[PDB]
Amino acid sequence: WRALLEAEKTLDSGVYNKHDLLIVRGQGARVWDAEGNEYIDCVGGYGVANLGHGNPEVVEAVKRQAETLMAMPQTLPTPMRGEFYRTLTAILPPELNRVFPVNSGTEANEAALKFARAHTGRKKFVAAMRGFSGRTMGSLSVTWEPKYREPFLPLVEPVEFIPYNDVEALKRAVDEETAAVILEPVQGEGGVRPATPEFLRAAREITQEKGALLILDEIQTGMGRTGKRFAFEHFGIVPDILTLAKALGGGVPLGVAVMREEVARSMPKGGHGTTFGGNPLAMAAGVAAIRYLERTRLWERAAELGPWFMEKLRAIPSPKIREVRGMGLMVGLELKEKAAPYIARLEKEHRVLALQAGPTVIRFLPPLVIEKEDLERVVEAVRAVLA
């Protein structure tokens, strides 16, 4: 197995920091390395494995559709596509009844941005500092982290950033020339920072007052992650365009930009498109993913386990912890120092896999099927590494 690891390290572009281990299988919230070591996975492909590694229903839907049909364009209707369309819009506010399927989050946001420009006829985009929307140049233009943008300038203009949760800043920034505002209900990479009701209420109200669109990026908060089907169900606002991805396909690359009908209608024929977007394989996985989510009301586990996990985390007596925050099973532990060293030790010393969300924050995005025995061990592991 060491030849595959070394081949991956060698042939990779090098843009990633690859860990010294090879993960070969996964079931539920557990994964195994090539040596047989079993880990608690709080990474879950960056919030993709919400339904759990090896989810039976999704795996089955994938196997069956793979035998039937995988390549069929948007110009040629295919049953699983219509089924995904009606299954996803049925668990959403009736205003969001138009779907543009894609293959990633960045493509979902790229779709939202384009649909927003064609509909308003405006150009400006307003986003929040510490926000992440994707790496493709369109989505990168509204992604804050200067490190990620500077090297590739100039990007798409004009874009304006405002502090997250700053009601007045958002109010001043949104004008008659703003095509749309794009925000995460809970900032992910930005450090697991929940939006305030006042902030999202202001975003909704002012975008309407100015004729601008509101794009809510729930690529990471979606599919039960925050304790509710979708984070927005926590605040009581309905955006003009909703973008989803990650867990939407239960593992299969899948994304979607759901929008109001008058928004979709403004897009000229052939104004946008995608080869893989809407393909039967992803569509089938999507139907399965959503059907599992709804039958099991999976967001509940995050709603019950989230607070429970965060409480135990808080109880950890270490002066290195500044704050424990999050919503449901989207948790962040902010330290008063670099988190990277502790993430490496959780993996090798405790077989616990975690993420970062800024250099001093440890982020947890475990599958929502994860049990309490596993969450408790993660806690103990964190406590042990911090001591």
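Position 1 is the first residue in the sequence shown; the rest follow in order.
Student: Of the two stretches 215 to 223 and 87 to 95, which shows the higher Cα B-factor on average in the entry?
Tutor: Here the higher of the two C-alpha B-factor means belongs to 87 to 95.
Student: With reference to the PDB entry, specify whether the mean Cα temperature factor is higher for 70 to 78 or for 205 to 213.
Tutor: Stretch with the greater average CA B-factor: 205 to 213.
Student: Using the entry's values, work out which of 319, 332, 54, 45 has the largest Cα B factor.
Tutor: Out of 319, 332, 54, 45, the record gives the largest C-alpha B-factor to 319.
Student: Which is it among 31, 353, 34, 62: the one with the largest CA B-factor in the entry?
Tutor: Most elevated C-alpha B-factor of the set, per the entry: 34.
Student: Among the modelled residues of its chain, does the C-alpha B-factor of residue 337 lie in the lowest, middle or highest third?
Tutor: According to the entry, residue 337 has a C-alpha B-factor in the chain's highest third.
Student: Can you tell me which third, lowest, middle or highest, the CA B-factor of residue 137 falls into for its chain?
Tutor: Middle third of the chain for residue 137's C-alpha B-factor.
Student: Looking at the C-alpha B-factor of residue 148, is it in the lowest, middle or highest third of its chain?
Tutor: Tercile = highest for this residue's CA B-factor.
Student: Looking at the C-alpha B-factor of residue 20, is it in the lowest, middle or highest third of its chain?
Tutor: Its C-alpha B-factor belongs to the highest third of this chain's values.
Student: Pull the Cα B-factor of residue 188 out of the PDB entry and bin it into the chain's lowest, middle or highest third.
Tutor: Answer is middle: the recorded C-alpha B-factor places it there.
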